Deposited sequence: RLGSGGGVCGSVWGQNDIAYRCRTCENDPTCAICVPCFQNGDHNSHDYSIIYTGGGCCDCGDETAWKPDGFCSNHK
C-alpha cells in the first residue's frame, strides 16, 4: 500500500530470529511481521526473546527484503 514496527516483548515472549535477514545476531522480528514477510528459504527460528522490540522496518537492524508488507 501507499506509505518501524517497534512492538515490544516481555521476558518470556516468543519472536523470530532470521539469520538471512538480521543485521546482527541480536536482531529479531515479531511473529506478525514474520508471517507477513517472505522468509521461505531463510534460516529462521522461533526464539524466546528475553524482552526487546521488533526490528521490522528498521534498515539499521534488518535487511529491507526481510520487511513485512506493513513496514515497507
| item | value |
| --- | --- |
| In sequence order, the deposited-sequence ranges that have no modelled C-alpha atom | 4 to 7 |
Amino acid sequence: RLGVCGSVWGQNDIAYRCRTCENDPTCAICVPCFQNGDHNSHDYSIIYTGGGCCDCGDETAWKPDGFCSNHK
From here on, numbers count along this sequence of modelled residues.
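Think of the rigid core as the biggest set of C-alphas that the two forms share within 1.5 Å after superposition.
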{"item": "More shifted region, core-based fit in 8 other deposited structures of this protein, 14 to 22 vs 48 to 56 by CA", "value": "48 to 56"}
{"item": "Segment of higher mean CA temperature factor, 26 to 34 or 43 to 51", "value": "43 to 51"}
{"item": "Mean temperature factor over C-alpha atoms, higher-scoring stretch between 14 to 22 and 56 to 64", "value": "56 to 64"}
